[PDB]
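Heads up, the thing below is written out as structure tokens.
See below:
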């Protein structure tokens, strides 16, 4: 049909809520930056970990 | 203070790379340590190279004693030939107002006194370099006065750990989490800080203090009843765990107790040594903030009106 | 000209008895949030100092007067209250009359600090606010009179009322609500000093245990000296640990908090010119700030 | 429903902050305040030991 897309596979726990996936979200468990980060030297990596 | 004030002039050497000239024009409001109140000096006198001690590069904790030996001054206007600054110990201007740009992570409020700290915090370590003149400029960070007394208390308590073969790095203010960058401290200036402590520590202990020590069982009984007394101990004080074990009691009777007041004499000696010690380690809070068009918050990276503090 | 004058506007609706008390209060000390030309009277009143919920006590009034800005009222128009701030407006004019609310007389050349009305009242009916004016008493008495009232509160858990200045009696006792208004200052004294006198006693485990009057001086002098021998004269060097070094910092901040409170800096000095040196109660005194 | 569609669980497991704090077990204003006015006595069968 066209170029064949490539799926990824990320190990996740079983008992998460499916309701996290019914809205747009990250495959990562935490929301990344850097739009979310404010005005501080640390915030962009501080959102991460 | 004179009728016109007193304005020093820091002359600029003629050899200037043009990007370093624009670097000086960003130093519109900073704080500059003068060694004297001479009217004409050089940039080599201001910069970090003359600001070193003999053969030894000073650390962060040792840089505080170098500050109080010198004269803090504020740059007013950058000229192409020289830099005009006004001292702070001298009466500052004709008008009584100076602008100060915040090279500080923390915003300012009205009325709060400003003391000033070396570049200590992580990430925001910013030193202007004049590479045509091979100079380095370390500029101090203006901060509110209870914050500066915290940072001195965090640094001095860190050096006492080094004489004893966790943790103390993290501060908080306005809900902001912030730590500070420090690796080593020279054993010289720590002893100068510590001897300045323990002499002022001892000179608060007078005959009335042992009478005050009998009220330690009263406070630990009173912290049961009012939460305002619970706002004292905080579980990290000695006196909560000291009251759990020691039951002291008063000496009796005092010599010439008719003529004298022992509780009064212990307080006045306490107010002149221990309550004074916030001035003795750092330098004095010479400057507070009075915005005229009333801005309750002076944001980080902006100027502010400035008026002396007694 | 170039003299700075704050203008305080009175909201209309003043009854004829209410304006007479405001006519009388000419030379008094009045605080304000920020230096500004025009300003309401709601920021002047004692109701503006509250945190709740809670009318502020003697400890908060000492903390507020650092952040508040002192000003002395000039002539009082029926339209507005014209007052000049002390810290910026006086550096050009130089001379401001000031009436004592203090019962203690004033000599020439004295430094004067401001004390909240703890030594011991104007309220307006129609405007629904209160006014509390601080007491302009001299600064060497100011470290004394505060410390006398603290010493009474420690006795709550000889005569402290004797204060004789420039040939005059004073009676601190004169009662009930003055003691409970001052209770918060008493507790921060004892918590500061006892935390002071445990940490010094833990770092030096034998201050009291050391021998009297001759070994203690020898322990004092080497500590008093300037020479390089400093740290080996001090330090004593599962199971729980005494958090001493954290208790250092919390005590130093609390001691550093009270340094700004109980300095009571000389804001005002009085220079009597063409008149008597002694300025008594209810008399306008000229004021010259530091140049 | 949150600001955007999100199924936000509010449990009473979440209610630690208002209950576990010791401000619930306070008497002082009640007994000290209800006994301002005098009140007559009922049968002292449960009250007495």
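Chains as they are written, first to last, in full-length UniProt numbering: chain V, 1179 to 1227; chain D, 1 to 165, 174 to 318; chain Y, 3 to 122, 127 to 163, 174 to 190, 195 to 257, 265 to 318; chain W, 443 to 491. For every residue, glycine included, the Cβ atom is placed at its ideal position computed from N, Cα and C.
Asked: Step through the CB atoms of chain D and report whether any lies within less than 8 Å of the CB of residue 1211 of chain V.; Found: no
Asked: Since residue 99 of chain D sits in a beta bridge, which residues does DSSP pair it with?; Found: D:313
Asked: Please state whether DSSP places residue 67 of chain D in a helix, a strand or coil.; Found: helix
Asked: With 16 other CB atoms within 10 Å as the buried threshold, where does residue 145 of chain D fall?; Found: buried
Asked: For the stretch 6–24 of chain Y against the stretch 294–310 of chain D, are there 3 or more C-beta pairs whose distance is under 8 Å?; Found: no
Asked: Below 7 Å CB to CB, which residues in the same chain sit around residue 317 of chain D once its five sequence neighbours on both sides are set aside?; Found: 113, 293, 294, 295, 296
Asked: Going by alpha carbons, who is nearest to residue 61 of chain D out of D:119, D:90, D:32, D:307?; Found: D:119
Asked: Closer than 8 Å, CB to CB, is residue 183 of chain D near chain V or not?; Found: no
Asked: What in chain D is Cβ-close to residue 287 of chain Y, meaning under 9 Å?; Found: 113, 145, 146, 286, 293
Asked: Excluding the 5 residues flanking residue 115 of chain Y on each side, which residues of the same chain have their C-beta closer than 7 Å to its C-beta?; Found: 145, 148, 291, 292, 293, 294
Asked: When burial is assigned at 16 or more other CB atoms within 10 Å of the CB, is residue 117 of chain Y buried or exposed?; Found: buried
Asked: Find out if the Cβ-Cβ distance for the pair residue 256 of chain D, residue 221 of chain D is shorter than 8 Å.; Found: yes
Asked: Kindly indicate which three-state DSSP category residue 197 of chain Y falls into: helix, strand or coil?; Found: helix
Asked: So what does DSSP say about residue 225 of chain D, is it helix, strand or coil?; Found: helix
Asked: In the DSSP assignment, find the alpha helix (DSSP H) that holds residue 120 of chain D and state where it starts and stops.; Found: It is not in any alpha helix (DSSP H) - residue 120 of chain D carries neither H nor E in the DSSP assignment.
Asked: Going straight from the alpha carbon of residue 283 of chain Y to that of residue 150 of chain D, what length do you get?; Found: 9 Å
Asked: Rank Y:136, Y:281, Y:140 by C-alpha distance to the C-alpha of residue 73 of chain Y and give the top, closest one.; Found: Y:140
Asked: Less than 6 Å between C-beta atoms, sequence neighbours within five positions excluded: which residues of the same chain meet that for residue 193 of chain D?; Found: 59, 61, 159
Asked: Give me the chain W residues within the contact set of residue 1201 of chain V, using Cβ-Cβ distance strictly less than 8 Å, ordered along the chain.; Found: 446, 447, 448
Asked: Closest to residue 94 of chain D by C-alpha separation, out of Y:100, Y:99, Y:244, Y:90, would be which residue?; Found: Y:90
Asked: Per DSSP, which residues does residue 186 of chain D bridge with? Please list them.; Found: D:179
Asked: Determine the burial state of residue 287 of chain Y: buried for a count of at least 16 other Cβ atoms within 10 Å of its Cβ, exposed for fewer.; Found: buried
Asked: Could you tell me whether any Cβ in chain D is nearer than 8 Å to the Cβ of residue 1220 of chain V?; Found: yes
Asked: Among V:1202, V:1214, V:1218, V:1225, whose alpha-carbon lies nearest the alpha-carbon of residue 447 of chain W?; Found: V:1202
Asked: Starting from the C-beta of residue 1185 of chain V, find all residues in its chain whose C-beta is less than 7 Å away, skip the five residues before and the five after it, and write them out in chain order.; Found: none
Asked: Given this structure, state the Cα-to-Cα distance separating residue 450 of chain W from residue 246 of chain D, to the nearest angstrom.; Found: 44 Å
Asked: Starting from residue 294 of chain Y, trace the beta strand (DSSP E) both ways and give me its first and last residue.; Found: Segment: none, residue 294 of chain Y is in no beta strand (DSSP E) and carries neither H nor E.
Asked: Looking only at its own chain, which residues have a Cβ that is under 7 Å from the Cβ of residue 124 of chain D, when we skip the five neighbours before and after it?; Found: 105
Asked: When the Cα of residue 188 of chain D is compared with those of V:1220, V:1227, V:1226, which residue comes out closest?; Found: V:1220
Asked: For residue 83 of chain D, would you say it is in contact with chain Y, using Cβ-to-Cβ distances shorter than 8 Å as the test?; Found: no
Asked: Using Cβ-Cβ distances below 8 Å, what residues of the stretch 209–222 of chain Y are close to chain D?; Found: 209, 210, 211, 212, 213, 214, 215, 216, 217, 218, 219, 220, 222
Asked: What does residue 1204 of chain V reach in chain W if we use C-beta pairs closer than 7 Å?; Found: Here the premise fails: no neighbours, minimum Cβ distance about 14 Å.
Asked: Can you tell me where the beta strand (DSSP E) with residue 11 of chain D in it begins and where it stops?; Found: 8–11
Asked: Report all residues from its chain with a CB closer than 7 Å to the CB of residue 197 of chain D; omit the five preceding and five following residues, and keep chain order.; Found: 61, 62, 65
Asked: Is the CB of residue 274 of chain Y under 8 Å away from at least one CB in chain D?; Found: yes
Asked: Taking the DSSP output, what are the residues bridged to residue 115 of chain Y?; Found: Y:143
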